[PDB]
Structure formats: C-alpha cells, structure tokens
Amino acid sequence: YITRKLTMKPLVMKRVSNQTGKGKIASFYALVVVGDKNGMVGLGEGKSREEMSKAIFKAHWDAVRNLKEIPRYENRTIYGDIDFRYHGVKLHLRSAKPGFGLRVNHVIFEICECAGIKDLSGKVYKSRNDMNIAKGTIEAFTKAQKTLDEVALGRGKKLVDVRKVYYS
Amino acid sequence: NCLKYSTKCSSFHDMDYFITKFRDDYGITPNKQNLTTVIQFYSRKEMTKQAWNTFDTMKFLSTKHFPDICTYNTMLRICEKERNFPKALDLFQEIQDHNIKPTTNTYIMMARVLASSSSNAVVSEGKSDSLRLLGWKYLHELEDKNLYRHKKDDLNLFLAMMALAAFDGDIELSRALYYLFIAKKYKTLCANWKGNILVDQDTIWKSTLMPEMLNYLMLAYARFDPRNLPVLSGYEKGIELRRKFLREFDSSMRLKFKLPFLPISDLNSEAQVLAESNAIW
Amino acid sequence: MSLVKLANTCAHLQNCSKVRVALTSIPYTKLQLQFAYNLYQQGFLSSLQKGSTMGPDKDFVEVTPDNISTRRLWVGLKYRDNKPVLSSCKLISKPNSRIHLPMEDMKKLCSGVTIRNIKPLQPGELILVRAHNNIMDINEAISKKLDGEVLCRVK
Amino acid sequence: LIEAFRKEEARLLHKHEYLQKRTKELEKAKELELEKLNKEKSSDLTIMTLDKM
C-alpha cells in the first residue's frame, strides 16, 4: 500500500551548520510531505551529516509515521475558512467552488496536492517561512477544521437543518 | 391527577379548564410532575414544538422544576416519534452531563429511537446500519446493569428488539421474537384465566394478539433482501444474542396451541416469505 | 442593550469554554436572555436557568426591581467528544463601528460576499441580527424581510 | 399631439392603479399570515413559555 499509493514530495532541503571548535560542520535538513491524495497526509523531517539522501530517507519514514486522516469537504476542499496562527505565520485559507484551482502559496500547493485538497484560496501573513508554513498548514488542516456532520451531532441537529440556505 | 385523566382522554378543553382554574382560583402553578404530564399531553396530540418549549421552561424556571429522568424519557419518546436521533443522542449526553441517573426506560427508548430513525436512508442521513447497531449497543448497556425496572419496560424491550430486527430485514429474528412473545403471552393468560379455557378462547386470543408485533413482523417480511446481512450478525455479543434467541425459538417449535410458522429456521426464498405472510395474516 | 455588555458576555463564554466549565452565569438583561435563547435553540448551550449571583434559583422567584441587581442567567455549556460545542464567539458590530445592514446585504453576506468588511457566513456558523429590539438568526431575519443590525458571530 | 397627451395621462393613471392594486393584494398576504398566527396559538395551554418570556 505504502509505496504504490503514497506520493512523496520534498518541501524543504537545506544545509544547516553547527560550527564546532575545530571547524564548520555542515548537516542536511530535509522536510517532506507524504499523502495518498485521498484524505491522508503527513509531514516528516530528517537530519543527516554525511549526505542529504539519508536526511530525505529518515524524513520519508517520519512522514509515513505521522500520516493522519485529514477532514475534507466533498473530498475537494476544506469545510470552511481556516484562520490559524502558528509560531509567527498567519494562514487565512478559504474553501472554493468546484473547478477552482489551488490559488495558494507554493508550499501549501504541494501539501494540498499530496493530501487531495483540490480547491483552496489562501494568503500567508506575518512570517513566510516554508518550514512554519508547512507545519501550520497541516495543523490548521486537522485541528482547526470541523466536519459538518460532527458540528451537527455536537449541536444535536440534523444535517438538513445545519446546511446553509440558498440565497440569490 | 386531573391532567393525567385529561391526557388519557386527550381533552384539550379540559387541560385549559383545569390549568386556568388552578392558577386563577387557587394560586397553584404546575410543578415538575405536572409539567411533565403537560409534555406528555403535547406528545399525545403530536404537538412536538410545544413539548420542546415546555421542556425548555422546565429547565428555565427553577431547579425544582428542572427535568429529571422521567421527563427525559418522555422527550426521548418525542424524539422517536419525530425520528430525530441526533437530538436523542444529545439528550442522552445531557443526562450523563447533568449527573441524572439513567433507567431501563432510558435505554429502551434510545434503542427505539435509533431503530425508527434507521428506517430509510433519508431519515437516517445514510447511517441506517450504524443507527441500528447503536440501538443494539444501548440494549447491551441496559443488559449490563440492573437500573430501575418497570412492569411495562419488559414488553417495550421486546418491541425495541423487534424494531431493530424489523427494520434490518432479519426475518428469522423477527419470527423468533414473534413466536416467543405470542407463546409467553398465551401461556401466561391461560395459566391466569379465571374461567374455563375453552369457552373464553376468543377473549384469550384477542388478548394474545398484539397488532404491533404483527405489524413489526410484516415489516420484517417486506424488507427482505436475500443478499442482506444482519447488523447483529457481525458482533460477538450480537451473534451470541441471535444464537440464543434462535435456539430458544427452535426448541419451542420442537416441543395446546399452534402457530403456522413454516418448519424452517430461516426463509431463503421469496415464495416461502409470501406463504408465511399469508399464513400469519 | 450595551454592545459592551454583550462583548463581555461573548468573551466570558469563550473563556468558560476554554477552561471547560459546565455551568456559568451572565447578566440577566433582555439582550442577554434573547442571545442565550437563540444560542440554546441552535444547540450551542445545554440549558438556561434563572438564578442569583450565588447560583441558580431553587424555587421560582418573581423579577422585581428589588432583586434585579443580583439576578443572573445561568447557562450550561456543552462539551462533546472532548471538544467545545461553542468553540468561539465574536462581535461583528463593535461599539465603535456599528453595522446596520439592509436585507439585500444580509442576503449577500449569507451568499458569500463580503459587505462592509464582514467575512461572510460559513457553513457551521451562526450570525445573530437584532431588528426592532428582537434578536433573531440572520436566516430568519431575511425570511421576515426585516432590516436590522448584525451583532455577532458564534462558530 | 392630442394622442400623445391623452396616452401619457392614460399611462400615468393605469400605472398608479397598478401599484395600488399590488399593495392591496399584499394586504391579503399580511392578513393570512396573521391568521396563521391564530392556529399557532390556538394550541396553547396558557402556561408561560420561554419563547413568550
């Protein structure tokens, strides 16, 4: 299941130094996202001294471990707007009409492509770090999103009642 | 007592007369029990909105007026009648939240609400099997603890089970439950009948035949799909319950009074279903 | 009718939800009472009770100017599946900038357009509008063709 | 010019009668709504209720 269905895309690939007394030691950080495009996604991180390949390797395993189900509306978009603050990134994301593109920041684009979020429009305010953007994106996707079924049951209402009325 | 009899005769004018009389001439306003009786009145007249308004007022006025498990059971009955399972579940959560203690009737009424809600995909919101399953789980939670029983609850329990059996199209369970109920009713009446059995056989059978059981059995027949699999088949507690009831029905048939059930545990064809439908009708 | 009192109530419900308190209290005014009733009818609040500052009322008490100062409305909060039903509560119409919308712009708001920099209605959301001293859901306000002031947003 | 003046008077009269008529039919909608309120409160047991409070 895991290899054939999950798709891996590197999001961050960089060199971070830890200057020790003898000299500058340089290691490789990699941040990746694995998603089946069908409502399951996860993020992974890896750190390797000798070659980035090992960093991406451990990142792939870590992403596989943290693979989690993601709420989705019609299997194409978020249930409602998500306004989320994560360690200095402000993500404002909006659900969209069918056929709407992924008109978002690129990091969010790969995350949505991996997780099967077809439709979204969003803006990133305050800091624009890709690392924090990705972490906050997944967190706001899973914590900050509530399914209409769950909302209705928590309110003890039928889906017909909670569903919005059509106006024109 | 006035409101009790007025409900039993469903006289709206008598309700108005008694309530207005007491308030005007006696300074007496309904307490929690009288307001619960008023809710039962509104339920009798199928006036759900007024019943919910009264329930809200019982919560609002004071803690003495605050609903208890009896009023909550009545409200669960209203939820059954409206086939409103999310509200029934939310109410059950409220009884747990307010520390009110459930009773046998609470579990039975929840099971009936879920059984009725699971009738169609439209009313069940596409969770019909899940709702029947949850009703069965509530019946199991009943079976765990003694709670407080009521002389009538036993009957309702059977009906509740049959409801979950009837809406799932489980012919064999419906047949088993129908046979066991009719047999126990007939034997209990005949054992406790003052007159001779033979002369009063008409009255005995009229007492024995409860139309609700017949209607639920025929609903079990109508929803027959050969490819269907019962919800109670999957679970271990469920399969054990099914096995126990089917074994009891089989043994009872193997061992007076007779019913025209065909000599088979299950009906596997439409033709046999039609034959038994005509037989019981 | 203070938007200040209503804002204080909104923040109080938010805080009460975040620390997971089952029962709390709010001022006993008709704006607060109508607000609590509309939240309760929509399933956000478990129950409403009359009471005093000390607690809910044991027996029924008439409301008079003698006891009005200490009267309170005790709202019970719902927590389902380890989450708060009344997750968040906001005021759209601040005391500074008050938003009185005609019916057409309420329809636009319910239909996804942003009017007067108000983020439009969301699926699981509730918006309350006061028209002629009666609080009501925005959908009902549109249904009755009532011009009114949009007050708040509970999600 | 005679035809123009007469037709302009005619359109004004007909239009005003039209608007008045529309309002008079809308009166029917109001009164039937009030009637529907009667049946709403016909089934009332006189106990004070929270919605009424």
# chains A, B, ... in the order shown; residues from 1 in each chain; ligands from 1

$ interface_residues --of "chain B" --to "chain A" --cutoff "10 Å" --atoms "only C-alpha atoms" --output "PyMOL selection string"
chain B and resi 84-91+93+123-125

$ write_last_selection --atoms "N, CA, C and O atoms" --output "mmCIF file, in the first residue's frame"
data_model
loop_
_atom_site.group_PDB
_atom_site.id
_atom_site.type_symbol
_atom_site.label_atom_id
_atom_site.label_comp_id
_atom_site.auth_asym_id
_atom_site.auth_seq_id
_atom_site.Cartn_x
_atom_site.Cartn_y
_atom_site.Cartn_z
ATOM 1 N N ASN B 84 -35.902 11.640 15.308
ATOM 2 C CA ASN B 84 -34.844 12.631 15.481
ATOM 3 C C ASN B 84 -33.779 12.016 16.380
ATOM 4 O O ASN B 84 -33.788 12.198 17.599
ATOM 5 N N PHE B 85 -32.854 11.281 15.767
ATOM 6 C CA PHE B 85 -31.822 10.610 16.547
ATOM 7 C C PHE B 85 -30.698 11.530 17.024
ATOM 8 O O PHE B 85 -30.185 11.279 18.128
ATOM 9 N N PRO B 86 -30.257 12.562 16.287
ATOM 10 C CA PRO B 86 -29.201 13.415 16.856
ATOM 11 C C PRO B 86 -29.628 14.070 18.151
ATOM 12 O O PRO B 86 -28.837 14.160 19.097
ATOM 13 N N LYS B 87 -30.884 14.511 18.226
ATOM 14 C CA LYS B 87 -31.367 15.130 19.451
ATOM 15 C C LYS B 87 -31.478 14.107 20.573
ATOM 16 O O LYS B 87 -31.199 14.425 21.730
ATOM 17 N N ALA B 88 -31.872 12.873 20.253
ATOM 18 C CA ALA B 88 -31.935 11.835 21.279
ATOM 19 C C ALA B 88 -30.550 11.540 21.845
ATOM 20 O O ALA B 88 -30.375 11.413 23.064
ATOM 21 N N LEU B 89 -29.551 11.423 20.969
ATOM 22 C CA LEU B 89 -28.184 11.204 21.431
ATOM 23 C C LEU B 89 -27.692 12.377 22.266
ATOM 24 O O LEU B 89 -27.077 12.185 23.325
ATOM 25 N N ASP B 90 -27.956 13.602 21.811
ATOM 26 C CA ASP B 90 -27.541 14.771 22.575
ATOM 27 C C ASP B 90 -28.214 14.785 23.939
ATOM 28 O O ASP B 90 -27.583 15.110 24.950
ATOM 29 N N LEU B 91 -29.492 14.410 23.992
ATOM 30 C CA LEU B 91 -30.182 14.338 25.272
ATOM 31 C C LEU B 91 -29.521 13.325 26.190
ATOM 32 O O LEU B 91 -29.206 13.650 27.334
ATOM 33 N N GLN B 93 -26.536 12.410 26.232
ATOM 34 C CA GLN B 93 -25.336 13.076 26.724
ATOM 35 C C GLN B 93 -25.670 14.089 27.814
ATOM 36 O O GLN B 93 -24.883 14.281 28.740
ATOM 37 N N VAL B 123 -34.160 9.509 6.266
ATOM 38 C CA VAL B 123 -34.316 9.906 7.662
ATOM 39 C C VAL B 123 -33.078 9.541 8.466
ATOM 40 O O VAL B 123 -32.749 10.212 9.450
ATOM 41 N N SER B 124 -32.378 8.478 8.076
ATOM 42 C CA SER B 124 -31.167 8.062 8.770
ATOM 43 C C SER B 124 -29.934 8.832 8.323
ATOM 44 O O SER B 124 -28.847 8.583 8.855
ATOM 45 N N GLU B 125 -30.069 9.740 7.358
ATOM 46 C CA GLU B 125 -28.945 10.524 6.850
ATOM 47 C C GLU B 125 -27.862 9.629 6.255
ATOM 48 O O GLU B 125 -26.698 10.023 6.164
#

$ closest_atom_pairs --of "chain D" --to "chain C" --cutoff "10 Å" --atoms "only C-alpha atoms" --output "tab-separated table"
residue	atom	partner	partner_atom	distance
D:50	CA	C:37	CA	8.3
D:51	CA	C:37	CA	8.1
D:53	CA	C:33	CA	9.3

$ residues_around --residues "residue 93 in chain A" --least-positions-apart "3" --cutoff "9 Å" --atoms "only C-alpha atoms" --output "PyMOL selection string"
chain A and resi 78+80-84+104+120-124

$ write_last_selection --atoms "C-alpha atoms" --output "CSV table (one decimal), in the first residue's frame"
chain,number,residue,atom,x,y,z
A,78,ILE,CA,-11.7,22.5,3.5
A,80,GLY,CA,-14.9,26.3,6.0
A,81,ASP,CA,-12.4,29.1,6.3
A,82,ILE,CA,-9.4,28.4,8.5
A,83,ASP,CA,-7.7,31.3,10.2
A,84,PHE,CA,-4.7,30.0,12.1
A,104,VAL,CA,-2.3,29.4,-2.6
A,120,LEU,CA,-8.5,26.3,-1.9
A,121,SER,CA,-7.6,30.0,-1.9
A,122,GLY,CA,-5.3,31.4,0.8
A,123,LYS,CA,-2.9,34.0,2.0
A,124,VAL,CA,0.1,33.9,4.3

$ residues_around --residues "range 203-208 of chain B" --least-positions-apart "6" --cutoff "10 Å" --atoms "only C-alpha atoms" --output "number ranges by chain"
B: 181-190, 193, 197

$ write_last_selection --atoms "N, CA, C and O atoms" --output "PDB file, in the first residue's frame"
ATOM      1  N   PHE B 181     -42.918 -14.177  21.994  1.00  0.00           N
ATOM      2  CA  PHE B 181     -43.861 -13.261  22.621  1.00  0.00           C
ATOM      3  C   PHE B 181     -45.260 -13.851  22.661  1.00  0.00           C
ATOM      4  O   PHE B 181     -45.918 -13.830  23.708  1.00  0.00           O
ATOM      5  N   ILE B 182     -45.738 -14.367  21.528  1.00  0.00           N
ATOM      6  CA  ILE B 182     -47.091 -14.905  21.484  1.00  0.00           C
ATOM      7  C   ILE B 182     -47.218 -16.091  22.427  1.00  0.00           C
ATOM      8  O   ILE B 182     -48.214 -16.226  23.146  1.00  0.00           O
ATOM      9  N   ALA B 183     -46.209 -16.965  22.448  1.00  0.00           N
ATOM     10  CA  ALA B 183     -46.263 -18.141  23.307  1.00  0.00           C
ATOM     11  C   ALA B 183     -46.309 -17.748  24.776  1.00  0.00           C
ATOM     12  O   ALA B 183     -47.126 -18.270  25.544  1.00  0.00           O
ATOM     13  N   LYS B 184     -45.431 -16.833  25.195  1.00  0.00           N
ATOM     14  CA  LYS B 184     -45.422 -16.452  26.602  1.00  0.00           C
ATOM     15  C   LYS B 184     -46.714 -15.741  26.980  1.00  0.00           C
ATOM     16  O   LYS B 184     -47.263 -15.985  28.058  1.00  0.00           O
ATOM     17  N   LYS B 185     -47.233 -14.879  26.100  1.00  0.00           N
ATOM     18  CA  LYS B 185     -48.492 -14.202  26.394  1.00  0.00           C
ATOM     19  C   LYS B 185     -49.626 -15.206  26.547  1.00  0.00           C
ATOM     20  O   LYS B 185     -50.408 -15.140  27.504  1.00  0.00           O
ATOM     21  N   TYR B 186     -49.728 -16.149  25.610  1.00  0.00           N
ATOM     22  CA  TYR B 186     -50.800 -17.133  25.658  1.00  0.00           C
ATOM     23  C   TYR B 186     -50.703 -17.990  26.909  1.00  0.00           C
ATOM     24  O   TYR B 186     -51.711 -18.219  27.588  1.00  0.00           O
ATOM     25  N   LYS B 187     -49.502 -18.464  27.242  1.00  0.00           N
ATOM     26  CA  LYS B 187     -49.362 -19.337  28.402  1.00  0.00           C
ATOM     27  C   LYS B 187     -49.623 -18.570  29.692  1.00  0.00           C
ATOM     28  O   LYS B 187     -50.247 -19.095  30.621  1.00  0.00           O
ATOM     29  N   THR B 188     -49.169 -17.319  29.765  1.00  0.00           N
ATOM     30  CA  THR B 188     -49.419 -16.516  30.956  1.00  0.00           C
ATOM     31  C   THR B 188     -50.909 -16.262  31.137  1.00  0.00           C
ATOM     32  O   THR B 188     -51.436 -16.373  32.249  1.00  0.00           O
ATOM     33  N   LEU B 189     -51.610 -15.914  30.055  1.00  0.00           N
ATOM     34  CA  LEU B 189     -53.043 -15.667  30.175  1.00  0.00           C
ATOM     35  C   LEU B 189     -53.789 -16.937  30.554  1.00  0.00           C
ATOM     36  O   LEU B 189     -54.632 -16.922  31.459  1.00  0.00           O
ATOM     37  N   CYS B 190     -53.493 -18.051  29.880  1.00  0.00           N
ATOM     38  CA  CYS B 190     -54.210 -19.290  30.160  1.00  0.00           C
ATOM     39  C   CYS B 190     -53.940 -19.779  31.577  1.00  0.00           C
ATOM     40  O   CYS B 190     -54.835 -20.328  32.231  1.00  0.00           O
ATOM     41  N   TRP B 193     -56.173 -17.377  33.945  1.00  0.00           N
ATOM     42  CA  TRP B 193     -57.528 -17.081  33.497  1.00  0.00           C
ATOM     43  C   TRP B 193     -58.517 -17.726  34.459  1.00  0.00           C
ATOM     44  O   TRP B 193     -58.434 -18.929  34.728  1.00  0.00           O
ATOM     45  N   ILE B 197     -60.790 -22.568  29.920  1.00  0.00           N
ATOM     46  CA  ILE B 197     -60.011 -22.146  28.760  1.00  0.00           C
ATOM     47  C   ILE B 197     -60.872 -22.158  27.504  1.00  0.00           C
ATOM     48  O   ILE B 197     -60.845 -21.214  26.705  1.00  0.00           O
TER      49      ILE B 197
END

$ residues_around --residues "residue 43 in chain D" --least-positions-apart "6" --cutoff "10 Å" --atoms "only C-alpha atoms" --output "ChimeraX atom specification"
/B:12,42,45,47,50

$ atom_distance --atom1 "CA of residue 46 in chain C" --atom2 "CA of residue 75 in chain C"
7.3 Å

$ closest_atom_pairs --of "chain D" --to "chain B" --cutoff "12 Å" --atoms "only C-alpha atoms" --output "tab-separated table"
residue	atom	partner	partner_atom	distance
D:40	CA	B:50	CA	10.0
D:41	CA	B:50	CA	10.1
D:42	CA	B:12	CA	10.5
D:43	CA	B:12	CA	8.3
D:44	CA	B:50	CA	7.9
D:45	CA	B:16	CA	5.7
D:46	CA	B:16	CA	7.1
D:47	CA	B:19	CA	8.0
D:48	CA	B:57	CA	8.1
D:49	CA	B:57	CA	5.9
D:50	CA	B:57	CA	5.5
D:51	CA	B:53	CA	7.3
D:52	CA	B:53	CA	9.6
D:53	CA	B:57	CA	9.6

$ write_last_selection --atoms "C-alpha atoms" --output "compact mmCIF listing (two decimals), in the first residue's frame"
# COMPACT_ATOMS: atom_id res chain seq x y z
CA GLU D 40 -50.15 28.71 16.05
CA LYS D 41 -51.62 29.96 19.34
CA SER D 42 -54.91 28.05 19.08
CA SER D 43 -52.98 25.08 20.51
CA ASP D 44 -51.74 26.76 23.68
CA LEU D 45 -52.27 25.53 27.24
CA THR D 46 -51.81 29.03 28.77
CA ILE D 47 -48.65 28.10 30.73
CA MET D 48 -45.99 30.75 30.40
CA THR D 49 -43.34 29.61 27.93
CA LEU D 50 -39.74 30.61 27.36
CA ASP D 51 -40.29 31.86 23.81
CA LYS D 52 -43.07 34.06 25.19
CA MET D 53 -40.87 35.35 28.04

$ select_by_dssp --residues "range 54-97 of chain A" --states "strand (DSSP E)" --output "PyMOL selection string"
chain A and resi 68-69+82-86+89-94

$ write_last_selection --atoms "C-alpha atoms" --output "PDB file, in the first residue's frame"
ATOM      1  CA  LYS A  68      -3.006  11.116   9.521  1.00  0.00           C
ATOM      2  CA  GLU A  69      -6.512  11.366   8.136  1.00  0.00           C
ATOM      3  CA  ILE A  82      -9.399  28.397   8.473  1.00  0.00           C
ATOM      4  CA  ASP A  83      -7.656  31.321  10.175  1.00  0.00           C
ATOM      5  CA  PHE A  84      -4.664  29.960  12.051  1.00  0.00           C
ATOM      6  CA  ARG A  85      -1.607  31.361  13.830  1.00  0.00           C
ATOM      7  CA  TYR A  86       1.464  29.117  14.053  1.00  0.00           C
ATOM      8  CA  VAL A  89       2.779  32.550  10.331  1.00  0.00           C
ATOM      9  CA  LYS A  90      -0.824  33.651   9.803  1.00  0.00           C
ATOM     10  CA  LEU A  91      -2.682  31.328   7.429  1.00  0.00           C
ATOM     11  CA  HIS A  92      -6.018  32.512   6.046  1.00  0.00           C
ATOM     12  CA  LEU A  93      -7.439  29.732   3.872  1.00  0.00           C
ATOM     13  CA  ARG A  94     -10.821  29.677   2.139  1.00  0.00           C
TER      14      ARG A  94
END

$ interface_residues --of "chain C" --to "chain A" --cutoff "10 Å" --atoms "only C-alpha atoms" --output "PyMOL selection string"
chain C and resi 40-46+78-81+83-86+104+106-112+119+121-126+139+142+155

$ select_by_dssp --residues "range 10-146 of chain A" --states "helix (DSSP H, G or I)" --output "MDAnalysis selection string"
chainID A and resid 52:65 106:115 130:142

$ write_last_selection --atoms "N, CA, C and O atoms" --output "short mmCIF file (atom, residue, chain, number, x, y, z; two decimals), in the first residue's frame"
data_model
loop_
_atom_site.label_atom_id
_atom_site.label_comp_id
_atom_site.auth_asym_id
_atom_site.auth_seq_id
_atom_site.Cartn_x
_atom_site.Cartn_y
_atom_site.Cartn_z
N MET A 52 22.62 14.30 2.03
CA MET A 52 21.20 14.64 2.10
C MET A 52 20.31 13.43 1.83
O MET A 52 19.15 13.42 2.25
N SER A 53 20.82 12.42 1.12
CA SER A 53 19.98 11.27 0.82
C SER A 53 19.46 10.63 2.09
O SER A 53 18.28 10.27 2.18
N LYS A 54 20.31 10.51 3.11
CA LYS A 54 19.87 9.93 4.37
C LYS A 54 18.87 10.84 5.08
O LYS A 54 17.93 10.37 5.74
N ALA A 55 19.06 12.16 4.97
CA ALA A 55 18.10 13.09 5.55
C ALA A 55 16.72 12.88 4.95
O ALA A 55 15.72 12.75 5.66
N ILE A 56 16.64 12.83 3.61
CA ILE A 56 15.37 12.61 2.95
C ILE A 56 14.82 11.23 3.29
O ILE A 56 13.60 11.04 3.38
N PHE A 57 15.70 10.26 3.48
CA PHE A 57 15.29 8.91 3.85
C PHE A 57 14.54 8.90 5.18
O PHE A 57 13.40 8.43 5.29
N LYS A 58 15.19 9.44 6.22
CA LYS A 58 14.55 9.48 7.53
C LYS A 58 13.33 10.37 7.51
O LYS A 58 12.34 10.10 8.21
N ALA A 59 13.36 11.44 6.72
CA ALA A 59 12.19 12.30 6.59
C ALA A 59 11.02 11.53 6.00
O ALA A 59 9.88 11.70 6.42
N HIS A 60 11.29 10.69 5.00
CA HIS A 60 10.22 9.89 4.41
C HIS A 60 9.63 8.94 5.43
O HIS A 60 8.40 8.83 5.54
N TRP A 61 10.47 8.24 6.19
CA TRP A 61 9.91 7.38 7.24
C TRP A 61 9.11 8.19 8.25
O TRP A 61 8.03 7.75 8.68
N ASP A 62 9.61 9.35 8.66
CA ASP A 62 8.91 10.12 9.68
C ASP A 62 7.56 10.60 9.16
O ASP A 62 6.56 10.59 9.88
N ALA A 63 7.52 11.01 7.89
CA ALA A 63 6.26 11.40 7.28
C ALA A 63 5.29 10.23 7.23
O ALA A 63 4.09 10.39 7.47
N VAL A 64 5.80 9.04 6.91
CA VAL A 64 4.94 7.86 6.90
C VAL A 64 4.38 7.61 8.29
O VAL A 64 3.21 7.24 8.45
N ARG A 65 5.20 7.80 9.33
CA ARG A 65 4.73 7.54 10.69
C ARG A 65 3.60 8.49 11.08
O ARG A 65 2.58 8.06 11.62
N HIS A 106 3.05 28.32 -2.58
CA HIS A 106 3.54 27.09 -3.19
C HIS A 106 3.62 25.95 -2.18
O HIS A 106 3.08 24.87 -2.43
N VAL A 107 4.20 26.19 -1.00
CA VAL A 107 4.30 25.13 -0.01
C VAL A 107 2.93 24.53 0.27
O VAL A 107 2.75 23.30 0.29
N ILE A 108 1.94 25.40 0.46
CA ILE A 108 0.57 24.93 0.62
C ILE A 108 0.12 24.18 -0.63
O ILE A 108 -0.68 23.25 -0.54
N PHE A 109 0.63 24.57 -1.80
CA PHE A 109 0.24 23.86 -3.02
C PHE A 109 0.70 22.41 -2.98
O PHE A 109 -0.09 21.51 -3.26
N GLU A 110 1.97 22.16 -2.65
CA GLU A 110 2.39 20.76 -2.59
C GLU A 110 1.67 20.01 -1.48
O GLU A 110 1.32 18.84 -1.65
N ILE A 111 1.43 20.66 -0.34
CA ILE A 111 0.73 19.97 0.74
C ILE A 111 -0.67 19.55 0.29
O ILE A 111 -1.09 18.41 0.48
N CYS A 112 -1.40 20.48 -0.33
CA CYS A 112 -2.74 20.17 -0.80
C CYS A 112 -2.72 19.12 -1.90
O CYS A 112 -3.57 18.22 -1.92
N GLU A 113 -1.76 19.20 -2.82
CA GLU A 113 -1.67 18.21 -3.88
C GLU A 113 -1.44 16.82 -3.29
O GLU A 113 -2.04 15.84 -3.74
N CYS A 114 -0.58 16.72 -2.28
CA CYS A 114 -0.33 15.44 -1.65
C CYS A 114 -1.57 14.94 -0.91
O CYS A 114 -1.88 13.74 -0.95
N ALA A 115 -2.28 15.83 -0.23
CA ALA A 115 -3.40 15.45 0.62
C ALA A 115 -4.73 15.39 -0.11
O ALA A 115 -5.74 15.03 0.50
N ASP A 130 8.92 28.64 4.91
CA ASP A 130 8.32 27.43 4.36
C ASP A 130 8.14 26.37 5.43
O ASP A 130 7.13 25.65 5.45
N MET A 131 9.12 26.25 6.33
CA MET A 131 9.03 25.29 7.42
C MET A 131 7.76 25.52 8.24
O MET A 131 6.91 24.63 8.37
N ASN A 132 7.64 26.73 8.78
CA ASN A 132 6.49 27.05 9.61
C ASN A 132 5.21 27.02 8.80
O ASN A 132 4.16 26.62 9.31
N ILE A 133 5.27 27.44 7.54
CA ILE A 133 4.08 27.41 6.69
C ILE A 133 3.56 25.98 6.58
O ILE A 133 2.37 25.73 6.74
N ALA A 134 4.45 25.02 6.33
CA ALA A 134 4.01 23.64 6.18
C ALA A 134 3.46 23.09 7.49
O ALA A 134 2.39 22.47 7.52
N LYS A 135 4.20 23.30 8.58
CA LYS A 135 3.73 22.78 9.86
C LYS A 135 2.38 23.37 10.23
O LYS A 135 1.44 22.63 10.56
N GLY A 136 2.25 24.69 10.15
CA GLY A 136 0.98 25.32 10.47
C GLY A 136 -0.12 24.92 9.51
O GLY A 136 -1.28 24.84 9.88
N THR A 137 0.24 24.66 8.25
CA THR A 137 -0.76 24.23 7.28
C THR A 137 -1.38 22.91 7.70
O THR A 137 -2.61 22.78 7.75
N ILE A 138 -0.55 21.92 8.03
CA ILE A 138 -1.10 20.64 8.44
C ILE A 138 -1.89 20.79 9.74
O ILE A 138 -2.98 20.21 9.91
N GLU A 139 -1.35 21.57 10.69
CA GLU A 139 -2.03 21.72 11.97
C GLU A 139 -3.39 22.37 11.80
O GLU A 139 -4.37 21.96 12.42
N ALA A 140 -3.46 23.42 10.98
CA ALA A 140 -4.73 24.09 10.76
C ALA A 140 -5.68 23.21 9.96
O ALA A 140 -6.90 23.32 10.08
N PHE A 141 -5.12 22.33 9.13
CA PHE A 141 -5.97 21.42 8.37
C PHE A 141 -6.67 20.43 9.29
O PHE A 141 -7.85 20.13 9.10
N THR A 142 -5.96 19.92 10.31
CA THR A 142 -6.54 18.87 11.14
C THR A 142 -7.16 19.36 12.45
O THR A 142 -8.29 18.98 12.76
#

$ residues_around --residues "residue 267 in chain B" --least-positions-apart "4" --cutoff "12 Å" --atoms "only C-alpha atoms" --output "number ranges by chain"
B: 169-175, 220-221, 224-226, 261-263, 271-277

$ closest_residue --among "B:151, B:223, B:65, B:44" --to "chain C" --atoms "only C-alpha atoms"
B:65

$ interface_residues --of "chain C" --to "chain B" --cutoff "8 Å" --atoms "only C-alpha atoms" --output "PyMOL selection string"
chain C and resi 46-51+56-60

$ residues_around --residues "residue 148 in chain B" --least-positions-apart "3" --cutoff "10 Å" --atoms "only C-alpha atoms" --output "PyMOL selection string"
chain B and resi 101-105+145+153

$ atom_distance --atom1 "CA of residue 279 in chain B" --atom2 "CA of residue 243 in chain B"
25.2 Å
